[PDB]
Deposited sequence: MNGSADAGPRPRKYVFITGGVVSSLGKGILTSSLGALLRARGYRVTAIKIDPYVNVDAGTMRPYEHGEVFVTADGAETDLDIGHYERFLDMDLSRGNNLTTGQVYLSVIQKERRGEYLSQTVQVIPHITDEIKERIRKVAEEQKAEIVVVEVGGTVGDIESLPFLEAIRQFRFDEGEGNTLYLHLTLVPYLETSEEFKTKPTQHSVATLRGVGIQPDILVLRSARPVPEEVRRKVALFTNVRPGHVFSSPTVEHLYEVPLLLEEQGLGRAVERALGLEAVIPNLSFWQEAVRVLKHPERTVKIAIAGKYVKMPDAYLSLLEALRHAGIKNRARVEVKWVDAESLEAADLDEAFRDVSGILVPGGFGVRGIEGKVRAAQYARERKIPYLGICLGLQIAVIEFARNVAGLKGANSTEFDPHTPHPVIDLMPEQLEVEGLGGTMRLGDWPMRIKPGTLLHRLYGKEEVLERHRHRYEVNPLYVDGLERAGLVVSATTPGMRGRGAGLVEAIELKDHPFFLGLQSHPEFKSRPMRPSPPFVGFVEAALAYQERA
């Protein structure tokens, strides 16, 4: 029987519910279960494409960044089905009643919208063969946008039967220094609101400025009709330790028993060894061309890399005149991420990284920038540009034709720098872009020394996917967003390679 663990938030948002969901899911995987995670975003937006970073799943769905957390903690490919919104649900039901599919019935929030919500939850869990599905409800309990979702998950208790559903609630326990006292009132009120929509939480996670004492934890239990052993503290601490400490506190065992599952000692060797590496062995500083959650998967990628290279990575944020030497001193690498509203400054950094032999990695726009840079100062195409930043450029080396989305096959040219990192001839990488290297200028660029180490069969295409130079210690650029597939258990090669050269340059 499939088990469902619902996680809601109260008092205030931003208390790390995404990580909580991710960590609980990992704790369940470490017990040998087939797990999946679903993020419910109560906003009216159909998806996150009109929008913090927008994560992209293999199927091309644009989603909330929590999906990326879930993928990294579960080491699992998710899909559009794992990110539910108010817009999707309402649009879906509305179009159905327009097609008369409800057979002249009067469609209401309950049960029509709620039925749609539960159906989507079950559908994705099915397709993903999940034994335990962790569903995180976005927003804060109380706001009206979450009501249809709260009623939907509440109904699961009856639908699934005894022992197959569990409700966790994350809340804030303010700490007042003046009085030096913890306040449990907000938690009490939030739980009362939950009960008001018909839900009694089984487990409570408390987040506070300081770790929550058992005395305070026992108080919260007494006033929320929650067993003391089911109240936990969620202190501020390397995100990789989160699942470790939660397991140590008993959250794993708690969820396990409440779900009617025979206890299974969890294998947390990976996470332990991961945090182990996280005193390192070395420490290199790389520069990122740009002006936090906007680069979450990017930063995580550098993290994974640092680990594979038993080395800590510091990140200096360079915001791109010729006053670079300083901005780039004490740095062993330059990374131009995907993007915007001004590109010459980066075109400058690419130029610099290229002539000073500083490890370089351009993602999406970062690749197009190196190409614009190469074309100008090497291929001799003055004013070369992307039609995105100059529609009238005489040399549109980057032109048209978020269009390419999700996984796209990339064919790696043998014996290239790109081939060394992947060690394979073909791989899939996720896309989200509308501009590409102009086919017409590809001949001339290679004649000048620009290497096209990757292209796509299409899906559909035949476009350039990666560029490099046989000539600097490390100069690579890819059109896709390799960070999106990067996982702590499997770092993205471009970043592993980039970090390596940064260590060699050190």
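Engineer: As a test: can you identify every run of the deposited sequence that has no C-alpha position in this structure, in order?
Structural biologist: Missing from the model are residues 1 to 10, 62 to 66, 253, 295, 309 to 312, 342 to 345, 365 to 366, 429 to 439, 498 to 500, 548 to 550.
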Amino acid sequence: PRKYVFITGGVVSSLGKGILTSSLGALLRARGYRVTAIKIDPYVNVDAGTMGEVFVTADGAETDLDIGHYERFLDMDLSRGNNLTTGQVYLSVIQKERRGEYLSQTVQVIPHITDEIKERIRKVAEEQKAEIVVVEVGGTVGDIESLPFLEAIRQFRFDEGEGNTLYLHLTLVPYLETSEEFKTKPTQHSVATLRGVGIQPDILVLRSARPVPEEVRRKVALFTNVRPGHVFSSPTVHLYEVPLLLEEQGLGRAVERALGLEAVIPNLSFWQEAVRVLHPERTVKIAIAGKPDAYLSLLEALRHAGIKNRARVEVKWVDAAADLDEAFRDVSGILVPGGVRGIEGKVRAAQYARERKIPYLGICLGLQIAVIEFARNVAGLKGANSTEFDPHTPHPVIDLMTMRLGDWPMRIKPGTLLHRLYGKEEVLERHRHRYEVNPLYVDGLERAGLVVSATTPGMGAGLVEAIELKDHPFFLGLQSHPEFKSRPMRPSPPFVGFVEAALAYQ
From here on, numbers count along this sequence of modelled residues.
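Engineer: If you average the CA temperature factors as listed in the entry, which stretch comes out higher, 195 to 203 or 296 to 304?
Structural biologist: Comparing 296 to 304 with 195 to 203, the higher average CA B-factor belongs to 296 to 304.
Engineer: Comparing 482 to 490 with 7 to 15, which has the greater mean CA B-factor as deposited?
Structural biologist: It is 482 to 490 that shows the higher mean C-alpha B-factor.
Engineer: Sort 397, 137, 124, 239 by C-alpha B-factor from the entry and give me just the highest.
Structural biologist: Across 397, 137, 124, 239, the entry lists the biggest C-alpha B-factor for 239.
Engineer: Which of these, 355, 388, 407, 143, has its C-alpha atom at the highest B-factor, as the entry lists it?
Structural biologist: Most elevated C-alpha B-factor of the set, per the entry: 355.
Engineer: Would the CA B-factor of residue 120 place it in the lowest, middle or highest third of its chain?
Structural biologist: Within its chain, residue 120 is a lowest-third residue by C-alpha B-factor, going by the deposited values.
Engineer: Ranking every modelled residue in this chain by its Cα temperature factor as given in the entry, which third contains residue 429?
Structural biologist: Its C-alpha B-factor belongs to the middle third of this chain's values.
Engineer: Determine, from the deposited record, the chain-internal third of the Cα B-factor for residue 401: lowest, middle or highest.
Structural biologist: Answer is highest: the recorded C-alpha B-factor places it there.
Engineer: According to the PDB entry, is the CA B factor of residue 30 in the bottom, middle or top third of its chain, that is, lowest, middle or highest?
Structural biologist: Within its chain, residue 30 is a middle-third residue by C-alpha B-factor, going by the deposited values.
Engineer: Compare the C-alpha B factor of residue 70 with those of the other modelled residues in its chain, then answer lowest, middle or highest third.
Structural biologist: For residue 70, the deposited C-alpha B-factor lands in the lowest third.
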